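This is structure00.cif (mmCIF, C-alpha atoms; chains and numbers go by the auth columns).
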data_my_file
#
loop_
_atom_site.group_PDB
_atom_site.id
_atom_site.type_symbol
_atom_site.label_atom_id
_atom_site.label_comp_id
_atom_site.label_asym_id
_atom_site.label_seq_id
_atom_site.Cartn_x
_atom_site.Cartn_y
_atom_site.Cartn_z
_atom_site.B_iso_or_equiv
_atom_site.auth_seq_id
_atom_site.auth_asym_id
ATOM 1 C CA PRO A 1 22.961 33.294 -29.783 0.00 251 A
ATOM 2 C CA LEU A 2 20.058 32.688 -27.419 0.00 252 A
ATOM 3 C CA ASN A 3 21.187 29.046 -27.547 0.00 253 A
ATOM 4 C CA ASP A 4 24.181 30.058 -25.381 0.00 254 A
ATOM 5 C CA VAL A 5 22.771 32.829 -23.134 0.00 255 A
ATOM 6 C CA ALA A 6 19.482 31.264 -22.082 0.00 256 A
ATOM 7 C CA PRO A 7 19.683 30.434 -18.343 0.00 257 A
ATOM 8 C CA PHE A 8 18.626 27.140 -16.711 0.00 258 A
ATOM 9 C CA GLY A 9 20.448 25.259 -19.474 0.00 259 A
ATOM 10 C CA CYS A 10 17.728 25.599 -22.104 0.00 260 A
ATOM 11 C CA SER A 11 18.071 24.236 -25.636 0.00 261 A
ATOM 12 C CA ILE A 12 16.561 25.408 -28.929 0.00 262 A
ATOM 13 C CA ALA A 13 16.398 23.888 -32.397 0.00 263 A
ATOM 14 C CA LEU A 14 14.991 24.163 -35.921 0.00 264 A
ATOM 15 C CA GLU A 15 11.453 23.533 -34.761 0.00 265 A
ATOM 16 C CA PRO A 16 8.231 25.285 -33.656 0.00 266 A
ATOM 17 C CA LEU A 17 10.798 27.095 -31.432 0.00 267 A
ATOM 18 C CA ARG A 18 10.455 24.890 -28.389 0.00 268 A
ATOM 19 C CA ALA A 19 12.832 25.414 -25.449 0.00 269 A
ATOM 20 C CA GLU A 20 13.890 21.897 -24.506 0.00 270 A
ATOM 21 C CA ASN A 21 14.911 20.880 -20.983 0.00 271 A
ATOM 22 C CA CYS A 22 14.562 24.290 -19.325 0.00 272 A
ATOM 23 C CA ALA A 23 15.057 22.915 -15.808 0.00 273 A
ATOM 24 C CA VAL A 24 13.194 25.421 -13.619 0.00 274 A
ATOM 25 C CA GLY A 25 10.333 25.280 -11.132 0.00 275 A
ATOM 26 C CA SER A 26 8.152 22.383 -10.026 0.00 276 A
ATOM 27 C CA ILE A 27 5.204 20.510 -11.525 0.00 277 A
ATOM 28 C CA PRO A 28 2.000 19.652 -9.575 0.00 278 A
ATOM 29 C CA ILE A 29 1.635 16.050 -10.767 0.00 279 A
ATOM 30 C CA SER A 30 -1.551 14.191 -9.810 0.00 280 A
ATOM 31 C CA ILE A 31 -1.892 10.553 -10.917 0.00 281 A
ATOM 32 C CA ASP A 32 -4.728 8.015 -10.578 0.00 282 A
ATOM 33 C CA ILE A 33 -3.218 4.525 -10.705 0.00 283 A
ATOM 34 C CA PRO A 34 -5.259 1.481 -11.820 0.00 284 A
ATOM 35 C CA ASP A 35 -6.900 -0.472 -9.022 0.00 285 A
ATOM 36 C CA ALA A 36 -6.000 -3.831 -10.594 0.00 286 A
ATOM 37 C CA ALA A 37 -2.276 -3.505 -9.819 0.00 287 A
ATOM 38 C CA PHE A 38 -2.990 -3.242 -6.063 0.00 288 A
ATOM 39 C CA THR A 39 -2.525 -6.372 -3.902 0.00 289 A
ATOM 40 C CA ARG A 40 -4.189 -7.032 -0.527 0.00 290 A
ATOM 41 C CA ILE A 41 -2.173 -5.913 2.516 0.00 291 A
ATOM 42 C CA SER A 42 -2.910 -9.234 4.265 0.00 292 A
ATOM 43 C CA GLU A 43 -1.076 -11.216 1.555 0.00 293 A
ATOM 44 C CA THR A 44 2.277 -9.412 1.573 0.00 294 A
ATOM 45 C CA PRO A 45 4.847 -10.640 4.135 0.00 295 A
ATOM 46 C CA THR A 46 5.483 -8.848 7.411 0.00 296 A
ATOM 47 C CA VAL A 47 9.044 -7.546 7.673 0.00 297 A
ATOM 48 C CA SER A 48 9.069 -6.257 11.254 0.00 298 A
ATOM 49 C CA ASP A 49 12.052 -6.513 13.623 0.00 299 A
ATOM 50 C CA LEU A 50 14.459 -5.225 10.976 0.00 300 A
ATOM 51 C CA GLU B 1 -0.863 -11.967 21.534 0.00 301 B
ATOM 52 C CA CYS B 2 -2.690 -9.916 18.910 0.00 302 B
ATOM 53 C CA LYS B 3 -1.142 -7.397 16.516 0.00 303 B
ATOM 54 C CA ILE B 4 -3.016 -5.059 14.191 0.00 304 B
ATOM 55 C CA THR B 5 -1.708 -4.985 10.622 0.00 305 B
ATOM 56 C CA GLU B 6 -3.844 -2.463 8.710 0.00 306 B
ATOM 57 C CA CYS B 7 -7.277 -1.114 9.643 0.00 307 B
ATOM 58 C CA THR B 8 -9.397 1.072 7.366 0.00 308 B
ATOM 59 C CA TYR B 9 -11.986 3.348 8.938 0.00 309 B
ATOM 60 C CA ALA B 10 -14.518 2.094 6.376 0.00 310 B
ATOM 61 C CA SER B 11 -17.564 -0.135 5.888 0.00 311 B
ATOM 62 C CA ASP B 12 -16.018 -3.083 4.032 0.00 312 B
ATOM 63 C CA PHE B 13 -13.623 -5.583 5.618 0.00 313 B
ATOM 64 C CA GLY B 14 -10.607 -3.300 5.449 0.00 314 B
ATOM 65 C CA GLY B 15 -9.280 -4.229 8.869 0.00 315 B
ATOM 66 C CA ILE B 16 -6.637 -6.945 9.049 0.00 316 B
ATOM 67 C CA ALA B 17 -4.573 -8.255 11.941 0.00 317 B
ATOM 68 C CA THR B 18 -2.119 -11.047 12.711 0.00 318 B
ATOM 69 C CA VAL B 19 -2.421 -13.212 15.836 0.00 319 B
ATOM 70 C CA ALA B 20 0.682 -14.868 17.301 0.00 320 B
ATOM 71 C CA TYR B 21 -0.899 -18.180 18.270 0.00 321 B
ATOM 72 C CA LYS B 22 0.706 -20.217 21.066 0.00 322 B
ATOM 73 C CA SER B 23 -1.006 -23.600 20.854 0.00 323 B
ATOM 74 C CA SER B 24 -0.181 -27.170 21.842 0.00 324 B
ATOM 75 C CA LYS B 25 -2.292 -29.498 19.676 0.00 325 B
ATOM 76 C CA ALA B 26 -3.810 -29.089 16.205 0.00 326 B
ATOM 77 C CA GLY B 27 -7.472 -28.635 15.360 0.00 327 B
ATOM 78 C CA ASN B 28 -10.252 -26.275 14.406 0.00 328 B
ATOM 79 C CA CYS B 29 -10.943 -23.166 16.457 0.00 329 B
ATOM 80 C CA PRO B 30 -13.964 -20.840 16.153 0.00 330 B
ATOM 81 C CA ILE B 31 -13.225 -17.123 16.343 0.00 331 B
ATOM 82 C CA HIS B 32 -15.667 -14.440 17.445 0.00 332 B
ATOM 83 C CA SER B 33 -15.664 -11.016 19.062 0.00 333 B
ATOM 84 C CA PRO B 34 -18.394 -10.698 21.733 0.00 334 B
ATOM 85 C CA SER B 35 -18.107 -6.907 21.550 0.00 335 B
ATOM 86 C CA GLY B 36 -20.040 -5.223 18.756 0.00 336 B
ATOM 87 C CA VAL B 37 -17.197 -2.804 18.007 0.00 337 B
ATOM 88 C CA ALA B 38 -15.719 -5.000 15.258 0.00 338 B
ATOM 89 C CA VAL B 39 -17.144 -7.800 13.113 0.00 339 B
ATOM 90 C CA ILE B 40 -14.954 -10.635 11.823 0.00 340 B
ATOM 91 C CA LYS B 41 -15.727 -12.150 8.440 0.00 341 B
ATOM 92 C CA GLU B 42 -13.406 -15.065 9.210 0.00 342 B
ATOM 93 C CA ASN B 43 -15.210 -17.955 10.902 0.00 343 B
ATOM 94 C CA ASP B 44 -12.883 -20.920 11.514 0.00 344 B
ATOM 95 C CA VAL B 45 -9.098 -21.177 11.747 0.00 345 B
ATOM 96 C CA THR B 46 -7.020 -24.330 12.118 0.00 346 B
ATOM 97 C CA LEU B 47 -4.266 -24.080 14.722 0.00 347 B
ATOM 98 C CA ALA B 48 -0.687 -25.212 14.134 0.00 348 B
ATOM 99 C CA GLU B 49 2.052 -25.426 16.774 0.00 349 B
ATOM 100 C CA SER B 50 2.788 -21.782 17.650 0.00 350 B
#

Entire entry expressed as structure tokens:
Amino acid sequence: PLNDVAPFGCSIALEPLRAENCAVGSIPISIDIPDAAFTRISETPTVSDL
Amino acid sequence: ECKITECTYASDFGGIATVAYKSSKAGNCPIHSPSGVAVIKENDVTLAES
């Protein structure tokens, strides 16, 4: 079966025929984080001389 | 001595810096930069012992 000859460790099921977890290649992720979660640099402690 | 912490090449007050004060007594102290290169939003700082 293709379930046991597909490379990259793919997985198939009774479904729209997806190919789950085919680990291959890389993904160009780009993310815009919320500005609220940022905290001013001047408030965080300085951890120099470590 | 004066140490820069994080400066942003921008228009808003993105530049921050920490000053290692070495004082003797306690009291108010005006702060100002005679040079026009940088402008300091902070006006008065109270001085503790070092």

Residues matched by the PyMOL selection byres ((chain B) within 9 of (chain A)) as a PyMOL selection string: chain B and resi 305-306+316-318

Suppose we keep C-alpha atoms; can you now write the selection as a compact mmCIF listing (two decimals), keeping the file's coordinate frame?
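What ended up in again_34.txt:
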# COMPACT_ATOMS: atom_id res chain seq x y z
CA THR B 305 -1.71 -4.99 10.62
CA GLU B 306 -3.84 -2.46 8.71
CA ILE B 316 -6.64 -6.94 9.05
CA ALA B 317 -4.57 -8.26 11.94
CA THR B 318 -2.12 -11.05 12.71

Using the chain letters and numbers from the file, which residues does the PyMOL selection byres ((chain B and resi 320) around 12) grab, as a PyMOL selection string? chain B and resi 301-304+317-319+321-323+347-350

Output for the residues just chosen: C-alpha atoms as a compact mmCIF listing (two decimals), in the frame of the given file:
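Result saved to part.txt:
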# COMPACT_ATOMS: atom_id res chain seq x y z
CA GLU B 301 -0.86 -11.97 21.53
CA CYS B 302 -2.69 -9.92 18.91
CA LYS B 303 -1.14 -7.40 16.52
CA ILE B 304 -3.02 -5.06 14.19
CA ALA B 317 -4.57 -8.26 11.94
CA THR B 318 -2.12 -11.05 12.71
CA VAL B 319 -2.42 -13.21 15.84
CA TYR B 321 -0.90 -18.18 18.27
CA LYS B 322 0.71 -20.22 21.07
CA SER B 323 -1.01 -23.60 20.85
CA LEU B 347 -4.27 -24.08 14.72
CA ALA B 348 -0.69 -25.21 14.13
CA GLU B 349 2.05 -25.43 16.77
CA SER B 350 2.79 -21.78 17.65

When the PyMOL selection byres ((chain B and resi 331-339) around 12) is applied to the structure above, which residues does it catch, written out as an NGL selection string? :B and (307-316 or 319 or 328-330 or 340-347)

Draw an axis-aligned box tight on the listed atoms of range 260-276 of chain A, then pad every side by 4 Å and write out centre and edge lengths in Å to one decimal as lines of an AutoDock Vina configuration file.
center_x = 13.1
center_y = 24.0
center_z = -23.0
size_x = 17.9
size_y = 14.2
size_z = 33.9

Neighbouring residues of residue 252 in chain A were defined as those with any atom within 12 Å, considering all atoms listed in the file; residues of the same chain fewer than 6 positions away were excluded. Please report them as a ChimeraX atom specification. /A:259-263,267,269

What separation in Å, quoted to one decimal, exists between CA of residue 256 in chain A and CA of residue 271 in chain A?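 Distance reported for this atom pair: 11.4 Å.
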
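Interatomic distance, CA of residue 273 in chain A to CA of residue 254 in chain A: 15.0 Å.
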